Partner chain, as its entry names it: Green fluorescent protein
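Only one chain is shown below, in structure tokens, and it's the form solved without the partner chain.
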């Protein structure tokens, strides 16, 4: 089987260098963060957080829909995109969180922030919200780390896939063979990326070896109650209980159609009160298949949240 280019895409395409040239850099702790900032309408701030394999580039066709209503800020997570590397060489959830919260202190943010999170980016937003419950205006999430995975909800294939990723063979398939960028990322986009679009995702990870570490460390954080990192399992338990009780926090969940092993994500999202549910085309990296539908849904949700405030 083969996937097909979107025959109109080369005409609104944004290449890697075009996106990076629009970004800014800021020293943060012992490193630096590369980020997009639309600047205008700073009375609000919408912070878009990518997850594994990607970067701020993931949001390039989503963010123009929301810029007219609020300042939009989109970082490359540490070790990813064009950001600096992690000073301690480590790329666990809490390492990412250290740089993200330090970076927030430098951004002149409003008291209450809107988060838009994908995959592990949503975990970062959820954990920030749990620790800063008075700083959250709304949360948009999609393909998100909503809850732990109990052992009776863990089937053998996911058990063995995580065993593989936690083994030396898993380390080599990522660091030497770039599994998550070269295979997982295009496999979970329904269209075929233009060569220049794929090159933007490849570029941070084009060389072999340790530079690819964040794309191995993220799946190793998976919150399997059986065998998963205990600190991450507790972080996710804590913010899941907070989200289940957060009746006054407006949320938007963007469901993928058909998604990819996403049923537990959708079911977990349904346990959070005050959630608007929408659906767009996609597998996992749904920004690449339905960015304008997503941007329109988020724009309408943000306008409704601001109007009702």
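Positions refer to the first chain, counted from 1.
There is also a form solved in complex with the partner chain; it is not shown, and the following applies to it.
Only one listed stretch (62 to 70, 30 to 38, 252 to 260, 238 to 246) carries heavy atoms within 4.5 Å of the partner chain in the deposited complex, and that stretch is 252 to 260. Checked against the partner chain in the deposited complex, the residues 157, 168, 207, 134 give one hit for a heavy atom within 4.5 Å, which is 157.
A residue is said to contact a partner when one of its heavy atoms sits within 4.5 Å of a partner heavy atom; residue 191 meets this definition for the partner chain in the deposited complex. In the deposited complex, no heavy atom of residue 269 sits within 4.5 Å of the partner chain. Residue 177 falls outside the set of residues with a heavy atom inside 4.5 Å of the partner chain in the deposited complex. Interface membership of residue 304, defined by any non-hydrogen atom within 4.5 Å of the partner chain in the deposited complex, is ruled out.
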